[PDB]
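Peer 1: Supplied in structure tokens, the structure appears directly below.
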Amino acid sequence: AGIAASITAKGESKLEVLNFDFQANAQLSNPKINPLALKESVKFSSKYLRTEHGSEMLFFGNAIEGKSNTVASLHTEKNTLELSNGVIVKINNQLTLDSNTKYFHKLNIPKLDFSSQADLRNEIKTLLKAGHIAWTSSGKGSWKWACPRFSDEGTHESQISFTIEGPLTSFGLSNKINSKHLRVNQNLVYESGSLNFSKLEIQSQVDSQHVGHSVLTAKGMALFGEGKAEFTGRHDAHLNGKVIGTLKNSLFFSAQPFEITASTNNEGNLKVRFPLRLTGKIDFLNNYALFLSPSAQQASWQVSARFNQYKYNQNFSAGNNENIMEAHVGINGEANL
Amino acid sequence: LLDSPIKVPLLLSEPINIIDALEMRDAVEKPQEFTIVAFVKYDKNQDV
């Protein structure tokens with residue numbers, strides 16, 4: 001059993017943009033033993049726009065193969081836009097798909113000397129299987145444009161790594177971007193094996209000429225069953241420009257059976273350049289230390305906050321012990337008038 | 001009144017009028033021409 005459906009529609013006038021040239025075809029085949037084949041191709045041609053598509057589906061029982069492409073391209077004096085997609089899908093025992101997507105444009109407006117361009121490839125490769133997932137994609141793209149109000153150039157590179165196998169989850173993210181004014185690398189790593197552990201690691205590195213530099217690094221290792229938590233939190237921030245100074249944050253601790261200690265350390269020496277050449281002298285010491293045990297505990301918090309000519313130290317320290325009980329409050333602050 | 005442009009709007013704005021592209025000087029008394037011809041057939045084999 002087969003059906004042939006063909007269409008030829010042609011509406012013609014002047015102003016060629018107004019003239020289209022349409023063609024659509026459809027063909028089907030179906031024997032009694034049920035291997036099915038289907039195919040489609042649709043075409044329209046008008047000077048303003050032209051998009052083309054072709055899809056051919058096949059079904060040999062357990063085996064199914066799907067192919068379908070669509071590409072559109074806009075063409076005008078100022079700009080020519082180009083988008084293309086090709087899709088290959090096949091299902092025999094697993095479900096694996098690839099869908100590629102190329103984007104492009106080249107826009108130029110010489111009225112104000114404007115030119116923009118961007119090519120983007122957005123492709124997916126994915127595999128599905130009972131007991132396994134293999135997913136990954138690459139967000140690859142670049143850009144450039146020069147306009148009196150706006151000018152930029154750089155390349156973007158994003159890769160997404162995900163996978164499943166057994167009771168362990170694997171996921172890897174790594175973003176690397178470059179630009180004339182902004183440079184940054186962002187790697188992220190996570191892994192956790194069933195109910196056994198958890199591995200978390202962060203890698204952020206931001207580059208900025210106007211602000212200076214900033215470094216954030218931190219790593220996590222949590223083991224389950226024994227209730228151990230040990231994450232390392234550190235960060236260094238160099239500030240340049242209107243705000244100049246250094247901010248350092250050391251975050252340490254260790255949660256253990258019957259033992260818990262927390263070490264938080266936030267430090268900052270900031271001199272903010274206000275309008276009219278006025279500088280705010282921000283210098284503060286925020287330091288924390290905790291320990292916990294079933295029989296004894298202690299908590300200490302110390303703040304030494306100083307603004308310009310006003311300095312304030314706030315001291316608090318509590319310690320629980322059978323031998324002695326600690327209870328003291330130290331409050332001190334000066335405000336020049 | 002019956003000489004107005006007829007079109008399908010892929011682009012709604014016309015840089016040049018369709019009549020202008022036609023270069024006519026249409027007047028009221030000019031008989032505009034329209035003719036629609038359509039055929040449809042469904043075929044059954046007489047060989048039964």
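By convention in this document, the chains of the structure tokens carry letters A, B, ... by their order, each chain's residues are numbered from 1, and ligands are numbered from 1 in the order they are shown.
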Give me, as JSON, numbers by chain, the residues of chain A touching chain B, with the criterion being at most 12 Å (counting only C-alpha atoms).
Peer 2: {"A": [10, 11, 12, 13, 14, 15, 16, 17, 18, 19, 20, 45, 46, 47, 48, 49, 50]}
Peer 1: Could you pull out the helix (DSSP H, G or I) residues of chain B, going by DSSP on the backbone, and write them as a PyMOL selection string?
Peer 2: chain B and resi 18-22
Peer 1: Hey, can you spit out that residue selection with N, CA, C and O atoms as a PDB file, in the first residue's frame?
Peer 2:
ATOM      1  N   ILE B  18       2.110  47.171  -6.992  1.00  0.00           N
ATOM      2  CA  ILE B  18       1.974  46.150  -8.027  1.00  0.00           C
ATOM      3  C   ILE B  18       1.431  46.765  -9.310  1.00  0.00           C
ATOM      4  O   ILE B  18       1.825  46.375 -10.414  1.00  0.00           O
ATOM      5  N   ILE B  19       0.507  47.718  -9.189  1.00  0.00           N
ATOM      6  CA  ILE B  19       0.041  48.441 -10.369  1.00  0.00           C
ATOM      7  C   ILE B  19       1.179  49.251 -10.972  1.00  0.00           C
ATOM      8  O   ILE B  19       1.341  49.309 -12.198  1.00  0.00           O
ATOM      9  N   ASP B  20       1.983  49.896 -10.124  1.00  0.00           N
ATOM     10  CA  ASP B  20       3.127  50.647 -10.622  1.00  0.00           C
ATOM     11  C   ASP B  20       4.094  49.739 -11.369  1.00  0.00           C
ATOM     12  O   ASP B  20       4.599  50.101 -12.439  1.00  0.00           O
ATOM     13  N   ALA B  21       4.366  48.551 -10.825  1.00  0.00           N
ATOM     14  CA  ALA B  21       5.164  47.575 -11.557  1.00  0.00           C
ATOM     15  C   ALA B  21       4.467  47.153 -12.843  1.00  0.00           C
ATOM     16  O   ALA B  21       5.129  46.820 -13.833  1.00  0.00           O
ATOM     17  N   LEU B  22       3.133  47.161 -12.846  1.00  0.00           N
ATOM     18  CA  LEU B  22       2.373  46.862 -14.054  1.00  0.00           C
ATOM     19  C   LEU B  22       2.351  48.016 -15.044  1.00  0.00           C
ATOM     20  O   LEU B  22       1.989  47.801 -16.205  1.00  0.00           O
TER      21      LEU B  22
END
Peer 1: Have a look at atom CA of residue 28 of chain A and atom CA of residue 5 of chain A and let me know their distance in Å, one decimal.
Peer 2: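 One can read the atom CA of residue 28 of chain A to atom CA of residue 5 of chain A distance as 8.9 Å.
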Peer 1: Contacts of residue 142 of chain A at 8 Å or less, counting only C-alpha atoms, minus same-chain residues fewer than 3 places along, as a list in words?
Peer 2: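 Here the answer would be residues 118, 119, 120, 153, 154, 155 and 156 of chain A.
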Peer 1: Please identify all polymer residues within 12 Å of residue 212 of chain A, counting only C-alpha atoms, omitting same-chain residues fewer than 2 positions from it, and present them as a list in words.
Peer 2: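 Near neighbours after the sequence-gap exclusion: residues 181, 182, 183, 205, 206, 207, 208, 209, 210, 214, 215, 236, 237, 238, 239, 240, 241, 242, 243, 244, 245 and 246 of chain A.
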Peer 1: Report as a CSV table (one decimal) with N, CA, C and O atoms, in the first residue's frame all protein, DNA and RNA residues lying within 10 Å of residue 31 of chain B, evaluated on only C-alpha atoms, omitting residues in the same chain fewer than 3 positions from it.
Peer 2:
chain,number,residue,atom,x,y,z
B,2,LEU,N,-12.0,48.4,-8.5
B,2,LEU,CA,-11.7,47.0,-8.7
B,2,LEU,C,-10.3,46.7,-9.2
B,2,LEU,O,-9.9,45.6,-9.4
B,3,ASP,N,-9.5,47.8,-9.5
B,3,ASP,CA,-8.1,47.7,-10.0
B,3,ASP,C,-7.1,47.6,-8.9
B,3,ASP,O,-5.9,47.7,-9.1
B,26,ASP,N,-4.7,52.7,-15.5
B,26,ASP,CA,-6.1,52.2,-15.4
B,26,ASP,C,-7.1,53.4,-15.1
B,26,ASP,O,-6.8,54.2,-14.3
B,27,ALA,N,-8.2,53.4,-15.8
B,27,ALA,CA,-9.3,54.3,-15.5
B,27,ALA,C,-10.5,53.6,-15.1
B,27,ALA,O,-10.5,52.3,-15.0
B,28,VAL,N,-11.6,54.3,-14.8
B,28,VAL,CA,-12.8,53.7,-14.3
B,28,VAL,C,-13.4,52.8,-15.4
B,28,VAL,O,-13.9,51.7,-15.1
B,34,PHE,N,-10.7,39.2,-15.1
B,34,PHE,CA,-10.5,38.1,-14.1
B,34,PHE,C,-11.1,36.9,-14.7
B,34,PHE,O,-12.2,36.9,-15.2
Peer 1: Under the rule that only C-alpha atoms are counted, which of B:1, B:13, B:42, B:48 is the nearest residue to residue 29 of chain B?
Peer 2: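 Smallest separation from residue 29 of chain B among the options: B:1.
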Peer 1: What does the structure give for the distance between atom CA of residue 94 of chain A and atom CA of residue 130 of chain A, in Å to one decimal?
Peer 2: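 These atoms are spaced 8.2 Å apart.
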Peer 1: In terms of the shortest atom-to-atom distance over only C-alpha atoms, which of A:27, A:304, A:100, A:261 is closest to residue 42 of chain A?
Peer 2: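 Selected residue with least distance to residue 42 of chain A: A:27.
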Peer 1: Excluding segment 65-80 of chain A and its own-chain neighbours fewer than 2 positions away, which residues fall within 7 Å of it when counting only C-alpha atoms? Please give them as JSON, numbers by chain.
Peer 2: {"A": [48, 49, 50, 51, 52, 53, 54, 55, 56, 57, 58, 59, 63, 82, 83, 84, 85, 86, 87, 88, 89, 90, 91, 105, 106, 107, 108, 109]}
Peer 1: Please measure the separation of atom CA of residue 116 of chain A and atom CA of residue 145 of chain A, giving the value in Å to one decimal.
Peer 2: 4.5 Å
Peer 1: Counting only C-alpha atoms, what is within 8 Å of residue 257 of chain A, bar same-chain residues fewer than 3 positions away, as a PyMOL selection string?
Peer 2: chain A and resi 226-228+260
Peer 1: What does the file look like for those residues with C-alpha atoms, as a tab-separated table (two decimals), in the first residue's frame?
Peer 2:
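Once written, selection.tsv looks like this:
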chain	number	residue	atom	x	y	z
A	226	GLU	CA	30.17	7.72	59.35
A	227	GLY	CA	28.80	11.27	59.15
A	228	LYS	CA	32.04	13.02	58.21
A	260	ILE	CA	32.67	19.34	65.30
Peer 1: Quick one: DSSP strand (DSSP E or B) residues in segment 97-150 of chain A, as a ChimeraX atom specification?
Peer 2: /A:97-109,114-129,132-146
